[PDB]
Structures are given as C-alpha cells and as structure tokens.
Amino acid sequence: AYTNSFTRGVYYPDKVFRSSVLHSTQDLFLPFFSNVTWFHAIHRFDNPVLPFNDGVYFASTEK
Amino acid sequence: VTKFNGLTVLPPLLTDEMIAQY
Amino acid sequence: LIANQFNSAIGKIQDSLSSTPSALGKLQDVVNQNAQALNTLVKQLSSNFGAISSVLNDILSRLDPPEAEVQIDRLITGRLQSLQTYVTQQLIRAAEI
Amino acid sequence: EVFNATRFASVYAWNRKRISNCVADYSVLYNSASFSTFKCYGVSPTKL
Amino acid sequence: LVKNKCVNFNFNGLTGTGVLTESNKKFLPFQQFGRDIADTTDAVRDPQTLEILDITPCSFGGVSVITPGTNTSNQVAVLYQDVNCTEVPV
Ligand SMILES: *[C@@H]1O[C@H](CO)[C@@H](O)[C@H](O)[C@H]1NC(C)=O
Ligand SMILES: *[C@@H]1O[C@H](CO)[C@@H](O)[C@H](O)[C@H]1NC(C)=O
Ligand SMILES: *[C@@H]1O[C@H](CO)[C@@H](O)[C@H](O)[C@H]1NC(C)=O
C-alpha cells in the first residue's frame, strides 16, 4: 500500500531563531507530495525490514 | 509608494514637507 | 463645460492613482533596486571567499598570524571586489537618476 | 589517558576516542617538549 | 554579565562585540543563536542561564566638521551623524 506525504516532513535545519525571514536551506528534506510506504500492525500482520538510505521520515498514528 | 554593518543612510537636505511647500 | 470637464478629469486621475496598484512603478522600482543592491552587498559579508570562515573574528582567533594574514587577505580581496561592484552599479544608477 | 597509554593501535585499525564534557588544557601539551613534531595542518598550534 | 553597556563578549568562542539588553523576542527551546534577514548575530542565549540577550552593534557614525572659511574664522561645529548624543562624550 502506498500513501502520499502531502506536506509533512519539514524540520528546523539548525538552532537559529529568525522572524519574518524567508531563509533558503539546502539539506536532506522529505519531498512534498512524495509517495511513502504504508504498513499495517493490526490483525497475522508483522513489520518488515527496510533500508535507511541517509534519511527516514517515520510517522506513526496510535491510540 | 512603499541592521548596521557600517551602513548609514543620510537624510535628504529637503524634507518632504519643504518639497511639498515648493 | 470646460470647468466641469477639468474637475471630472482631476477626480478621475485621483481615482486611477488610488485604484491602480502599479501606478507608481518608476519610483517603486528605483526604491526596490536600491534596496536589492544594498541587501546583496550585505549578504556578501557572509560569503566564504575561500577563507576558512566568513567571520573575521573567527579568523582572527584560532589562527596564528603567519596564515591569518593570508586568510584576511583573501577576505579583503573578496569584500573589496564586492564593494567596488556595488559602488560602480550605484554610480550607473545615479547617472540614470 | 590516551597520550601515555602503554599500547597504541596499528594504522590499519586506528581508533577514534571521543572527548567531551570536560575542560581541556592544551597549554601543557603545547609546552611539552617531548613531542618532536607539533606542527598543525588545521588552524593554529597555540590559540586553541 | 553586564547589560545596557557596550562590552565585548565571547560566548564560548563567539568573540563578538555589541550591547546586550533584555530581549522581548521569545527564543524556542532548541534554538540557541539568532539572526536576521542579513544573518547578523542579533541575539545570543547565555551558556549558564536560560536568558535571551538582544545584541545591538556599538554606536558608530561618521563625523562632519561644519566650518566657515578659515580666512573668516577658525571656529567649527561638529556633527556626529546618526547618533543621539546622550552617549557622544565616550
Ligand atoms: C506513488 O508515487 C510513486 C513515485 O512516482 C509511483 O511509482 C507510485 O505508483 C505512486 N503510487 C500510487 C498508488 O499512485
Ligand atoms: C578670505 O577672505 C579674505 C578677506 O576678504 C580674502 O582676501 C581672501 O581671498 C579669502 N580667501 C579665499 C580663499 O577666498
Ligand atoms: C535619542 O534620540 C532618539 C531619537 O530617535 C530617541 O529615540 C532616543 O530615546 C534618544 N535616546 C535617549 C537615551 O533618550
């Protein structure tokens, strides 16, 4: 199953505070509208092995 | 019609009020 | 009739100036160009210019004079080139104005 | 601790010791004449 | 730490210079340094206290000597540009 990461996955590149500053940063970011892999844990269903490739955007919704 | 690194802006000799008076 | 036409024309000029957003295009462009040139001149301060760092105090510290001289010389060359470019562009723009 | 160690690793298996959360005295290292070569290919050998 | 005075500072190697005052801006917990549109180091947090220190460059500005002709008189009047002279005597 494939799902689309709409806009989430943006982190502060460094520890500098800026106010009303449109700063351009070149670093490892998750592309906007980039399809990521869906995984299941209920019902059996297990967790597979995945590589790293210099960056992973994890996002788990839990109750 | 619409911080310092050695940079200073010099005010004009004729202010806007006196230009308007002219 | 001439007085009425002149008054209506003055009113229409007022309304057109109020409504059109790019009416003050020439003055707005001059101000924007000067601000852009100043902003790029300031941004040239943070450029590395081939030294170990763009911070003059960083270069002065954690550095012995014999190579701090060459690092400072590279910074001087870069910053002087940037300032000369800005001054020449400002001279051109002042001639146009 | 690492300078006076009785054993040192080989070049093909060089170690990487991390030093952190401490006050470092480079003055004794610089003034120690036991070193034959003390030149620095980084920034400086004294201003550290 | 001394505030509201033009004192040099070296915050764990920053070795900057300016005037450190109380900062009304609210630094985020992870952020340490501060910059602006010109990436000037506008604010710095203390290394021992969770205090934000606004930093302003020390007052500078070219002086001008308004003088009549020396053949007329030797008296002059000095203009310290772009500074309030509550702090001119230094
Ligand atoms: C998600 O995007 C990838 C990369 O373009 C594409 O190969 C894949 O088919 C897309 N998935 C779906 C369900 O459309
Ligand atoms: C200064 O004033 C004197 C007296 O009038 C005059 O002779 C002299 O030429 C003046 N100097 C200049 C440079 O004009
Ligand atoms: C100096 O003059 C400026 C003018 O803008 C004013 O804002 C400032 O408060 C004055 N300084 C003092 C110390 O009163």
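We count from 1, first residue shown onward.
Using the three backbone atoms N, Cα and C, a Cβ is placed for every residue, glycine included.
Per Swiss-Prot, the features are:
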type: DISULFID; residues: E:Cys6-E:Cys58; note: disulfide bond
type: CARBOHYD; residues: E:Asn71; note: N-linked glycosylation site
type: CARBOHYD; residues: E:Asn84; note: N-linked glycosylation site
Q) Taking the Cβ of E:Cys6 (disulfide bond) as centre, how many other Cβ atoms lie within 10 Å? A) 15
Q | Rounded Cα separation (Å) that holds between E:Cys58 (disulfide bond) and E:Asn84 (N-linked glycosylation site) | A | 13
(Q) I need the CA-to-CA distance for E:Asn84 (N-linked glycosylation site) versus E:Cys6 (disulfide bond), whole Å please. (A) 15
Q: Rounded to the nearest Å, what's the C-alpha distance separating E:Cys6 (disulfide bond) and E:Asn71 (N-linked glycosylation site)? Just drop the number here, would you?
A: 41
Q) When you measure from each Cβ to the nearest atom of ligand 3, which of the recorded positions E:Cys6, E:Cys58, E:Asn71, E:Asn84 fall under 6 angstroms? A) E:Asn84
Q: Of E:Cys6, E:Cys58, E:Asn71, E:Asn84, the recorded positions listed, which put a C-beta under 6 Å from ligand 1? Please answer none if none do.
A: none
